[PDB]
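K.L.:
experimental structure below, sequence on top.
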Amino acid sequence: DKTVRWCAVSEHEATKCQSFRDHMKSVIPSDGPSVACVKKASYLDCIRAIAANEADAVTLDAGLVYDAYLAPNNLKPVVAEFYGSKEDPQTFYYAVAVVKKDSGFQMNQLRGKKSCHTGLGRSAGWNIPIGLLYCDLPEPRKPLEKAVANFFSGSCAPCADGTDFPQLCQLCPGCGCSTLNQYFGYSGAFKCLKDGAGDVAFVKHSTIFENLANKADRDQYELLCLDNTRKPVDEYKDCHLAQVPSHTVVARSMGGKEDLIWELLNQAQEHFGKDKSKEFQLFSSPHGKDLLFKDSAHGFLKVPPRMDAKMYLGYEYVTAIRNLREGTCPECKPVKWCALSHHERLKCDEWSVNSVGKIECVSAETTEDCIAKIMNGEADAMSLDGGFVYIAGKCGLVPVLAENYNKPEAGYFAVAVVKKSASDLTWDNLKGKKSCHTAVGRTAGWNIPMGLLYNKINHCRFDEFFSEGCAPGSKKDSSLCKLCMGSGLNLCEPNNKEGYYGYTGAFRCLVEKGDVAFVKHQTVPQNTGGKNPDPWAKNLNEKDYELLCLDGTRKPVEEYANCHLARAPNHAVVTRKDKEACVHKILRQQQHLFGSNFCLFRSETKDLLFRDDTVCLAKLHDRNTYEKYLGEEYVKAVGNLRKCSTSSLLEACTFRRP
Ligand SMILES: [Yb+3]
């Protein structure tokens, strides 16, 4: 059986589920998926059941998504309800903090202000902002209503205990827990702000648009961002307290059966979803409202499979709820650095102990795994090629420091290298030629050359432009894995175990099999004239190699400052905004101790943790966003390249922010 065991939490839900089960048998052939209904007492019992392999799937609110991730349940999100419409699906809401234009305070200055909450125990209006403010609340922080009452000067907090904590009901006396109270619910807490009762209103990204039809009125309001700046009310995507998923189907992390759940639901919506008019309706029931799924849903979207709970919920949300659940506060902290290999980890361990606990080391199998650890706070920083920066930025991380090479730089150089003998080659036409790339999605190897190349052919299907090639990171069955030299599983893998990976590897590829290699300006120099002693490079001479220039002409290798494709954003350190300052300070205190003269920018193997050309770590000034650092033309290009290129982390991050 390809049976899916759906978990109900009430008798009404179970009846619907039995009917779901029955009607599915009419539209699904007997090789396809079917439904079993497992009735439980509560969402938590459902969670345990799923984890105990006694059920397979249930649909949850965000807090419960959090519970289900925790050990020993270890469930994850697999399918998402969407709302709104087919065309612009609404999967998340944002919890925001709204304030009056010119009230002149920031998120770190809410102590002593007047607050408006939608209601005690609601998410956007209470659990999130109070969770984020948890550690700014005065001791003792239990009971929590008391500490909140001693934080804001007065408030409207519906359903709070005004008898014991009158400050919480000062702006809505009694704390009316119903619409009889004018300051209740979303519109209510917003009104409390609009009427001048209070200074901040903790609500959803959409409340203000629902209560103020004119842009001119809305310009009177702003949002508090967590970095302690402010933004317009329609920039909530970049200025919110948390991004919250509305309703999420969850399943086991291992043993799923995620594939099957999506097949079941995706066909359920096909035949019984919104506007389908059968007598069985997936998103309603005579037996009651919001059974199994919300009656307001318009369908399901499949959650990208790189996604775990902490990533889906988001850094901010998880911080808020962890604070409420654990209730643990501290009293600038060690920077957790992310290492990708045994050779990187070793350098880091020794860095760790040299700095006296000021640095610590976390490691992961791949760059994307390290990025995901930074995203969710398992780790704090790592240095990255411009192509990963783009990816990290799309995932909400920011660049804090550039690696420097000269003696605030315009960047290293991207060149196209060819063999001198094969003289027919020119930039103006490489169609049908063989190509070597450092890896797909990297600055020099891919984003620049293929960027430019995209503008000339207007599609990113390069395995059909070139004949064959080696471009580590491509789909193994592609023509751009044909020249690669890894064996077995390592073929075309974008790491060391594939010998044509990296700048050097891409040059090796040119030497042995290719017609053009896309590398940086110092790649050929450093792997010729005996400098590289490996058999393949040992006997080579840089005079036998030429660069392709954008005219159509060529030039000797060392004449690169006139024969490059484009300038290249330096590799850069990235982190979370909430650590930009501590990273920015800890590292400048570490490079003025181990920089240029244990050595930080020198390594045992080659280019570990930071590149070895790196003399110093630079300030970025204004250019501390991925788009302000990479620059408009880089991003415009990569945008075009995304159409054909995968990356599973980028698929996950853009599910959350398209
Ligand atoms: Yb690079």
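P.N.:
Here it is on my side, so go on. Numbers count the residues shown, from 1 in each chain.

K.L.:
so the closest residue to residue 24 other than its chain neighbours: helix, strand or coil?
P.N.:
Nearest non-adjacent residue to residue 24, counting by CB to CB, 6 or more residues apart in numbering: residue 35, 5.7 Å away. (Each C-beta comes from the backbone N, C-alpha and C, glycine too.) For residue 35, the assignment made with DSSP: H, G, I helix; E, B strand; the rest coil gives strand.

K.L.:
hmm, residue 35 is touching residue 1, no?
P.N.:
No - judged on CB atoms under 8 Å, residue 35 makes no contact with residue 1 at a distance of 10.8 Å.

K.L.:
who has more neighbours out of those two?
P.N.:
Per other CB atoms under 10 Å, whichever of residue 35 and residue 1 has more neighbours is residue 35, with 22 against 6.

K.L.:
the more buried one: what's it in contact with?
P.N.:
Residue 35 makes contacts with 3-6, 17, 20-21, 24, 264, as judged by CB atoms under 8 Å, 6 or more residues apart in numbering.

K.L.:
how about the helix or strand encompassing residue 316: buried residues?
P.N.:
Here residue 316, judged by DSSP states H and E, is contained in helix 315-326. Residues of helix 315-326 classed as buried by neighbour count (16 or more other CB atoms under 10 Å): 315-324.

K.L.:
closest to residue 375 out of those?
P.N.:
Nearest to residue 375 out of these is residue 315 (CB to CB; 6.3 Å).

K.L.:
what sits against that closest one?
P.N.:
375-377, 396, 576.

K.L.:
quick one, what contacts the spatially most central residue of the chain?
P.N.:
Closest to where the C-alpha atoms of the chain average out (CA atoms, centre = their mean) is residue 395, at 2.8 Å. Residue 395 is in contact with 371-372, 375, 649-650, 653, counting by CB under 8 Å, 6+ apart.

K.L.:
list, one by one, the residues from the protein near the ion.
P.N.:
Residues of the chain lying close to the ion by CB under 5 Å from the ion are 385, 443.

K.L.:
list the buried residues in the longest helix along the chain.
P.N.:
Counting residues, the longest helix found in the chain (DSSP state H) is helix 11-27. Within helix 11-27, the residues that count as buried by 16+ other CB under 10 Å are 12-17, 19-21, 23-24.

K.L.:
for the ion, what's the nearest residue on the stretch 251-400 of the chain?
P.N.:
Nearest residue of the stretch 251-400 of the chain to the ion, counting by CB to the ion: residue 385, 3.9 Å away.

K.L.:
so that residue makes contact with residue 446?
P.N.:
No - the criterion here is CB under 8 Å, and residue 385 misses it with residue 446 at 9.9 Å.

K.L.:
if we can go back for a sec, which ones among the contacts of residue 315 map onto strands?
P.N.:
In this view, the contacts of residue 315 have no member that belongs to strands under DSSP state E.

K.L.:
out of those residues, list just those in helices.
P.N.:
Checked against DSSP H, those include these in helices: residue 375.

K.L.:
among the contacts of residue 315, which pair sits farthest apart?
P.N.:
Taking CB to CB, no two of those sit farther apart than 377 and 396, at 12.0 Å.

K.L.:
find residues that contact each of these two.
P.N.:
With CB under 8 Å, 6+ apart, residue 377 and residue 396 have common neighbours 315, 576.

K.L.:
any idea how the protein splits into domains?
P.N.:
1-92+245-331, 93-244, 332-411+569-658, 412-568 (curated CATH domains).

K.L.:
for the last one, measure first residue to last.
P.N.:
Counting by CA to CA, to the nearest Å, you get 5 Å between the two ends of domain 412-568.

K.L.:
likewise the first one?
P.N.:
In terms of CA to CA, the two terminal residues of domain 1-92+245-331 are separated by 55 Å.

K.L.:
now that domain, how far from the centre of its chain.
P.N.:
In terms of CA atoms, centre = their mean, to the nearest Å, the centre of domain 1-92+245-331 is set 22 Å apart from its chain centre.

K.L.:
cool, the last one as well?
P.N.:
Distance of domain 412-568 from its chain centroid, counting by CA atoms, centre = their mean, is 30 Å.

K.L.:
I'd guess residue 365 is in a helix, am I close?
P.N.:
No - counting by three-state DSSP, residue 365 is not part of a helix but coil.

K.L.:
follow-up on the earlier one: which one (most neighbours) among the contacts of residue 315?
P.N.:
In terms of neighbours by other CB under 10 Å, these top out with residue 375 at 21 neighbours.

K.L.:
next up, the contacts around whichever residue of the stretch 451-600 of the chain sits closest to the ion.
P.N.:
Residue of the stretch 451-600 of the chain nearest the ion, by CB to the ion: residue 571 (5.7 Å). By CB under 8 Å, 6+ apart, residue 571 lies in contact with 383-386, 402-403, 610-611, 614.

K.L.:
so what's it closest to, chain neighbours aside?
P.N.:
With sequence-adjacent residues excluded and distances taken as CB to CB, 6+ apart, residue 571 is closest to residue 403, at 4.8 Å.

K.L.:
pretty sure that neighbour is touching residue 611, no?
P.N.:
Yes - judged on CB under 8 Å, residue 403 makes contact with residue 611 at a distance of 5.7 Å.

K.L.:
which residues are in contact with each of the two?
P.N.:
Contacts common to residue 403 and residue 611, judged by CB under 8 Å, 6+ apart, are 383, 571.
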